[PDB]
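Asks: The following block contains the structure, expressed as C-alpha cells.
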Amino acid sequence: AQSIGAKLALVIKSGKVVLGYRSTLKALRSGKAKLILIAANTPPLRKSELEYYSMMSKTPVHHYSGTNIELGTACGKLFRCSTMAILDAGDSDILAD
Amino acid sequence: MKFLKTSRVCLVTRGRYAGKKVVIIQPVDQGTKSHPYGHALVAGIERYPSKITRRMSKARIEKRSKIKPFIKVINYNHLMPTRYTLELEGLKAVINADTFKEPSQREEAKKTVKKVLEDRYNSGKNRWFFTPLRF
Amino acid sequence: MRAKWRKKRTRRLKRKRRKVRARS
Amino acid sequence: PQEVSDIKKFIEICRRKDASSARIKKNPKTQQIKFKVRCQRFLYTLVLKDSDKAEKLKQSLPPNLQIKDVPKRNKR
Amino acid sequence: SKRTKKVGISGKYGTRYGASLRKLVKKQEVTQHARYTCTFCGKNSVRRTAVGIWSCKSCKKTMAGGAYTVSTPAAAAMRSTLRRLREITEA
Amino acid sequence: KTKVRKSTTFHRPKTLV
Amino acid sequence: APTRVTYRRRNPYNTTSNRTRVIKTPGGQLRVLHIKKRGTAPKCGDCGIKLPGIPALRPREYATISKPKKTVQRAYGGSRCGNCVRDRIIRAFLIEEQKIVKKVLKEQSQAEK
Amino acid sequence: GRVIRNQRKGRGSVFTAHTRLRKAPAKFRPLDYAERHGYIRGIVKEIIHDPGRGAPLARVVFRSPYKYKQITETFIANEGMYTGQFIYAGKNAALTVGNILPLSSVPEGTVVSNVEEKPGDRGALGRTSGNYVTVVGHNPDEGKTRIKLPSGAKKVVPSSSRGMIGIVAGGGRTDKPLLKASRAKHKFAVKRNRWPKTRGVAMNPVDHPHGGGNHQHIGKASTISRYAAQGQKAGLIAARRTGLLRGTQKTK
RNA sequence: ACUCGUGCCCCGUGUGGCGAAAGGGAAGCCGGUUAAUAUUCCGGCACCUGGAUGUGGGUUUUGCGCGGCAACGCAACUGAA
Ligand SMILES: [K+]
Ligand SMILES: [K+]
Ligand SMILES: [K+]
Ligand SMILES: [K+]
Ligand SMILES: [K+]
Ligand SMILES: [K+]
Ligand SMILES: [K+]
Ligand SMILES: [K+]
Ligand SMILES: [K+]
Ligand SMILES: [K+]
Ligand SMILES: [K+]
Ligand SMILES: [Mg+2]
Ligand SMILES: [Mg+2]
Ligand SMILES: [Mg+2]
Ligand SMILES: [Mg+2]
Ligand SMILES: [Mg+2]
Ligand SMILES: [Mg+2]
Ligand SMILES: [Mg+2]
Ligand SMILES: [Mg+2]
Ligand SMILES: [Mg+2]
Ligand SMILES: [Zn+2]
Ligand SMILES: [Zn+2]
C-alpha cells in the first residue's frame, strides 16, 4: 500500500519489468511472470481476462489503488499504464508479501 | 508455469471458426520459417450434434448425433484457453505441420478425427466439449 | 429475403411434384 | 456488349439456338479483324491481329449462319 | 502577443450589452468550452455535446452532468452524503 | 370445472357462414 | 464550346432528387444526364462503424446481388464488425465460468449445515 | 370592446404546443409484480436531448418476464448516469444513484426525483433540471410519508410511491444571461407562441382594460379580486400584498 | 386436402380511408427523321418487375462447399415460427 511506491521504484532500478497489455499477456503465456499489477480504472472485461490467465499460470495479482495515470508515474515514466508484469525481482522484496 | 500443453481445450476468437472449441495437438512456442510467432496445431468441431430426447427412435437418434470436424493452425493471440482438458489416445500425431501441404492428407486426417470424436461423445464424457457456446 | 420471394419457390416445388407424379 | 478472349469459346457461342447473325469488320489502318455474333441478350466481339486465322476461323463456323462484311459507309 | 487585456473570450461582443453582463457571461463560457480528463479511460478528451450532456472522444462514453460544468457542487456533496448514509449504517 | 384460459383477452368465436 | 444546357424533365427546382451531371456526346454536344443518389455503407450493430467487405447501394438494389457478396464468412457475418464478435465470445465465457464458481461456493460453504 | 389576448389562448389555434421533434414522454415503467416483491435491472443505452426541455433524458432497455422480447423506456436523467450502466428498480433495489424504489425503503434525509403522487401514475413531482424532493419522515402504522417540495411546501404521500435516487441533471442553467433578443426567440420558438409581448398600457380601450388616455397609466388599482369575470382578470390576481419584499417570508 | 366448395388446423395486444406533378421512390442511352411530335416514331445497343421453366455447371458415397495466422476472399454453396 504505502510502501508499494517504495518497493516498485527499487524493482525498476535493479530488476526487469514489462509494461503494457500485449506484452503482459505474452509474459503470462511463457510462464515466467511472478507478479502483475492492475490499475483501478481498467475496463472490467479486460480486468477479468487478466485474472483468468493468472489463475491458469498460478501467479499472484495485486490490485493497484490508483488510475492508469498514476501507475505510470509510480514507475518513473511520462505516460499512462494500465497493467504490468514483473519478470524478476532484484534487490527488492516485493514478492515476499 | 505452462498451460498451452498438448491436451488443452481453447476457444477460437477470430476467423471462419470463431466461437468454436478446439483441442491442442501440438504446441509450437517458437515461430518457424512460415508463421514466425507462437502458434499451435488443433482439431475442432464445426457442426455440433443436435438435441436428443428420450421419446425418439433409434434410427432418429443415430441420424442426429454426428459431428463435422476441422483442422487448423492458429496464432496464439487468436485463442482463449480454458481450464478443461481432453486427453484422447486417438489424436496423437494426426497432424504434424506437413499434412497442411497436401489436400489428400487433409482429408485423411479429418476422417480420423470424426471417427474418434464420435465414439467419445457416445460414451458420455466431456459434455462441455460437445455443447455449443451461446454468445 | 421477402415472403413473396419464398412463396414462389415452394409453389414451383409443389407443381413439380404433382407433375412428376403425373409423369409416373 | 461483351468481349470473348479465345477462339474455342467464340465457336461454342456461335453454335447456339439464339444466334441470329454474324459479321466481319476489318480495320486496315490498325490491322485488326473483328468477329461479331448477335445473340438474344448480348453482342459478342472477338478481336484478332493477324490474318492467317481469319479465313481459318471463317470456314470453321457453322454453315447455317449468315455472315456479312460490313461495307464502309453503311446506308441509312 | 497577448492581444487583449481583460475582455478575453468575450471580445466577440464588441461594445454591446454592458460591462457587467459581459463579465457574467464570460464566467460561464470559459468553463463550457474547456476540455476535461475522462474518468473511465484517462485521456484528456471530454467536451460538451448538449446543455447537460458530456461525451468522451476517445472511448465513446457520454455522461449526464451540469449545464456548463461536468459536475456540480450540489451533486458532489449529495454523493458523499448518500455514500456515508448507506455505508456507515449498513456497513 | 370451467375451461382453462391462457390469456386475459377475450376473442369473438368462429361461426358458420 | 461554352454552350449552356437545360433540364430534360418537368421538374425545374434544385431539390435532393434533381441530380445532374454534364456529358459530351459522340455527336459533339454538351448535354445533361440525370443521376441517382449515392449508396450508403451498412454499419455495425454495436459500435456503429462501416463494415468491411460489403458494397454501398440503395436499399432496393440489395435484392438482386448474390448472397456471398452481402456477407462475410463468420458468426454475425453482417451487422457486426469482428472486434465486437471477439468481445462477445470472451465475455460470454468468463461470465458463464464465474456463474459456476459462485453457485458451488454458495451451496457448499454456506449450506453445509 | 373586443376579446382580450389572454382569453384567445384557450381556443387553441395558433397557441398550441410544438411537438414534431419530441419522440416520447418521460415516465417510469408500469408498476408490476417484479417491482412489488423484488427487483429487475436494465441497461442505459443513450443520453439524448429533446427540444423545449432542459434535463436530458435516458433510454433504458429491460426484459419481459412473460414474453420473449425486450422493451425500451424513457426516463429523466440524474446527474452521474452514463451509457452502459446497470440500474435497478423494485422494493429490494440498493441505495445507489439512478435506482428506483418505493419511499418506504429509503431512510430519512434521502433525495429523490420524479416522485409519484400516488402509486402507479408514473411520476409527477420534481422533474426539472437541478431539482429534487426531500424525504422528511415516516409513519409505518398507517403507511404515509412526509416530503418537501422544490417550492418549499410540505406534503403527505402514500409510502408505496416510487422515486429515483439523486438530483436531476442539467445544473444551473438559468445562471447565464440570454443577452440577446434572438436568444430568447430561439428558446420559445420550440415551445409556444408567446414571444414577444406587448404591454396592455400601450393598447386602445377596446383592446385591454389598461386602455388609452393622454398619458400611459392604469387609472385604477391593479390588484384584481379572485372572483372576477373573464375579461377583467388583468394584473395581480388575488394579491395578499404588494411592493418590494424587505424581510424574510414567514410562510414556509 | 377437398372424390367435388361443404371439412380440418394454427397464431392473435390493436383495430379504417383521403391528404405532396418541389418530401420518400424499381428500370433508357446515342444517331437519324416532320410544315407542325419525340429520352414516346425509325436504326442500333441495354435495363427492371412479375410469372413459368429446361440445359450447363456446383454439392452430397460417412448428408447441406473450400481457402487465408488474421483483417477477409471465391460463379454457386438448405434454413420454418
Ligand atoms: K465482397
Ligand atoms: K366582444
Ligand atoms: K402529470
Ligand atoms: K408571436
Ligand atoms: K413589452
Ligand atoms: K414616461
Ligand atoms: K406609466
Ligand atoms: K411524389
Ligand atoms: K405526327
Ligand atoms: K449437373
Ligand atoms: K464450390
Ligand atoms: Mg413528435
Ligand atoms: Mg396609441
Ligand atoms: Mg373596457
Ligand atoms: Mg376596471
Ligand atoms: Mg389607461
Ligand atoms: Mg394517397
Ligand atoms: Mg418527388
Ligand atoms: Mg425475369
Ligand atoms: Mg439463418
Ligand atoms: Zn474516455
Ligand atoms: Zn462493432
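Line order of the protein sequences matches chains Lc, LZ, Lr, Lk, Lp, LX, Lg and LA.
Okay, so the first sequence: first residue is 10 according to PDB author numbering, each after it adds one.
Okay, so the second sequence: first residue is 1 according to PDB author numbering, each after it adds one.
Okay, so the third sequence: first residue is 1 according to PDB author numbering, each after it adds one.
Okay, so the fourth sequence: first residue is 2 according to PDB author numbering, each after it adds one.
Okay, so the fifth sequence: first residue is 2 according to PDB author numbering, each after it adds one.
Okay, so the sixth sequence: first residue is 36 according to PDB author numbering, each after it adds one.
Okay, so the seventh sequence: first residue is 2 according to PDB author numbering, each after it adds one.
Okay, so the eighth sequence: first residue is 2 according to PDB author numbering, each after it adds one.
Here a beta-carbon is modelled for each residue, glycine too, at the ideal position from N, C-alpha and C.
Going by beta carbon distance, what residues of the same chain come within less than 8 Å of residue 68 (chain Lc), once the five residues before and after it are set aside?
Replies: Counting only Cβ-Cβ distances below 8 Å, and skipping sequence neighbours, we find 37, 42, 43, 44, 45.
Asks: Is residue 236 (chain LA) a contact residue of ligand 16, with contact defined as CB to any heavy atom under 8 Å?
Replies: For ligand 16, not one heavy atom lies less than 8 Å from the Cβ of residue 236 (chain LA).
Asks: Contact check, residue 28 (chain LZ) vs residue 38 (chain LZ) under 8 Å by CB: the rounded distance?
Replies: Contact holds; Cβ gap of about 7 Å.
Asks: Could you give the DSSP three-state label for residue 151 (chain LA): helix, strand or coil?
Replies: Residue 151 (chain LA) falls in the coil class under three-state DSSP.
Asks: What are the residues of the region 22 to 35 of chain Lp that lie near chain LA, defined by any Cβ-Cβ distance shorter than 7 Å?
Replies: Taking 7 Å as the Cβ-Cβ cut-off against chain LA, the residues of the region 22 to 35 of chain Lp that qualify are 22, 25, 26, 29.
Asks: Got a sec? Which residues, its chain only, sit under 7 Å from residue 83 (chain Lc) by beta carbon, not counting five neighbours each side?
Replies: Result list for residue 83 (chain Lc): 14, 17, in chain order.
Asks: Can you find at least 3 beta carbon pairs, one from the region 85 to 99 of chain Lc and one from the region 25 to 37 of chain Lc, that sit closer than 8 Å?
Replies: They touch, by the three-pair rule.
Asks: For residue 85 (chain Lg), does the three-state DSSP call read helix, strand or coil?
Replies: Helix, per DSSP.
Asks: Where does residue 165 (chain LA) land, buried or exposed, given buried means 16+ other C-beta within 10 angstroms?
Replies: Buried, by the Cβ-count rule.
Asks: Does residue 58 (chain Lc) have its Cβ less than 9 Å from a Cβ in chain Lg?
Replies: Yes, contact with chain Lg.
Asks: May I ask whether a heavy atom of ligand 3 can be found less than 8 Å away from the beta carbon of residue 27 (chain LA)?
Replies: Incorrect: residue 27 (chain LA) has no Cβ contact closer than 8 Å to ligand 3.
Asks: What is the rounded straight-line gap between the Cα of residue 10 (chain Lc) and the Cα of residue 96 (chain Lc)?
Replies: Going by the C-alpha atoms only, they are around 21 Å apart.
Asks: So, residue 160 (chain LA) versus residue 181 (chain LA), is the Cβ gap smaller than 9 Å?
Replies: Not closer than 9 Å, so no.
Asks: Check whether the Cβ of residue 132 (chain LA) sits closer than 8 Å to any heavy atom of ligand 4, and report yes or no.
Replies: False, no ligand heavy atom lies under 8 Å from that Cβ.
Asks: Which whole runs of the beta strand (DSSP E) in the region 24 to 59 of chain Lc are 3 residues long or more, in chain order?
Replies: Here the runs fully enclosed are 25 to 28, 44 to 47.
Asks: Mind listing, in chain order, the residues whose beta carbon lies closer than 5 Å to a non-hydrogen atom of ligand 22?
Replies: Going by the Cβ distance cut-off, the answer is Lg:45, Lg:47, Lg:48, Lg:82, Lg:85.
Asks: Take the Cβ of residue 110 (chain LZ) as the centre, count every other Cβ of all protein chains shown within 10 Å, and call the residue buried at 16 or more, exposed below.
Replies: Buried: at least 16 other Cβ atoms inside 10 Å.
Asks: Using the DSSP secondary-structure output, state which residues sit across from residue 53 (chain Lk) in a beta bridge.
Replies: Answer by DSSP bridge pairing: none, since residue 53 (chain Lk) is not bridged.
Asks: Taking all protein chains shown into account, decide if residue 55 (chain Lp) is buried (16 or more other Cβ within 10 angstroms of its Cβ) or exposed.
Replies: The residue in question, residue 55 (chain Lp), is buried, as its Cβ has 16 or more Cβ neighbours within 10 Å.
Asks: Mind checking which residues open and close the alpha helix (DSSP H) that includes residue 43 (chain LA)?
Replies: Where residue 43 (chain LA) is concerned, there is no enclosing alpha helix (DSSP H), although the beta strand (DSSP E) it sits in stretches over 40 to 49.
Asks: Near residue 95 (chain LZ), what residues of its chain come up, given a Cβ to Cβ distance below 8 Å and the 5 sequence neighbours on each side ignored?
Replies: These residues qualify, in order along the chain: 25, 26, 41, 43, 71, 109.
Asks: What's the call for residue 35 (chain Lg), buried or exposed, on a 16-neighbour Cβ count within 10 Å?
Replies: Exposed is the call here.
Asks: Where does residue 140 (chain LA) sit, in a helix, a strand or coil, going by DSSP?
Replies: DSSP places residue 140 (chain LA) in strand when its eight states are reduced to three.
Asks: Taking C-alpha atoms, which residue in LZ:83, LZ:69, LZ:122 lies nearest to residue 122 (chain Lc)?
Replies: Residue 122 (chain Lc) lies beyond the stretch modelled for chain Lc, which goes from 10 to 106, so this question has no answer here.
Asks: Name, going along the chain, the residues of the region 50 to 78 of chain Lc whose beta-carbon falls closer than 7 Å to a beta-carbon of chain Lg.
Replies: The residues in question are 54, 57, 58, 61.
Asks: Taking the straight line between their C-alpha atoms, what separation do you get for residue 131 (chain LZ) and residue 72 (chain LA)?
Replies: When rounded, the distance between both Cα atoms is 30 Å.
Asks: Determine which residues share a DSSP beta bridge with residue 89 (chain LA) and list them.
Replies: LA:42, per the DSSP bridge assignment.
Asks: Is the beta carbon of residue 23 (chain Lk) sitting closer than 9 Å to the one on residue 39 (chain Lk)?
Replies: Result yes, Cβ atoms of residue 23 (chain Lk) and residue 39 (chain Lk) sit closer than 9 Å.
Asks: According to DSSP, is residue 8 (chain LA) part of a helix, a strand, or is it coil?
Replies: Helix.
Asks: Does the Cβ of residue 20 (chain LA) lie closer than 8 Å to at least one heavy atom of ligand 12?
Replies: Checking every heavy atom of ligand 12 against the Cβ of residue 20 (chain LA), one is found closer than 8 Å.
Asks: Counting only Cβ-Cβ distances shorter than 8 Å, please list the residues of the region 146 to 180 of chain LA near chain Lp, keeping chain order.
Replies: Listed by position, the residues of the region 146 to 180 of chain LA near chain Lp (Cβ gap below 8 Å) are 166, 167, 168, 170, 171, 172, 173, 174, 176, 177, 178, 180.
Asks: With respect to 8 Å, is the separation between the Cβ of residue 54 (chain LA) and the closest non-hydrogen atom of ligand 12 below this value?
Replies: Not under cutoff, so the answer is no.
Asks: Thinking C-beta only, is residue 92 (chain LA) closer than 9 Å to residue 255 (chain LA)?
Replies: Residue 255 (chain LA) falls outside the range modelled here, since chain LA spans only 2 to 253, and no answer is possible.
Asks: In the DSSP assignment, the alpha helix (DSSP H) including residue 308 (chain LA) goes from what residue to what residue?
Replies: Because residue 308 (chain LA) is not part of the residues shown, which for chain LA are 2 to 253, the question remains open.
Asks: What ranges does the beta strand (DSSP E) occupy inside the region 95 to 133 of chain LA, keeping only unbroken runs of at least 3 residues that lie completely in it?
Replies: Those beta strand (DSSP E) runs which fall completely within the region 95 to 133 of chain LA and span 3+ residues are 101 to 103, 112 to 114.
Asks: Rounding to the nearest angstrom, what Cα-Cα distance links residue 101 (chain LZ) and residue 35 (chain LZ) in this structure?
Replies: Those two C-alpha atoms are separated by around 14 Å.
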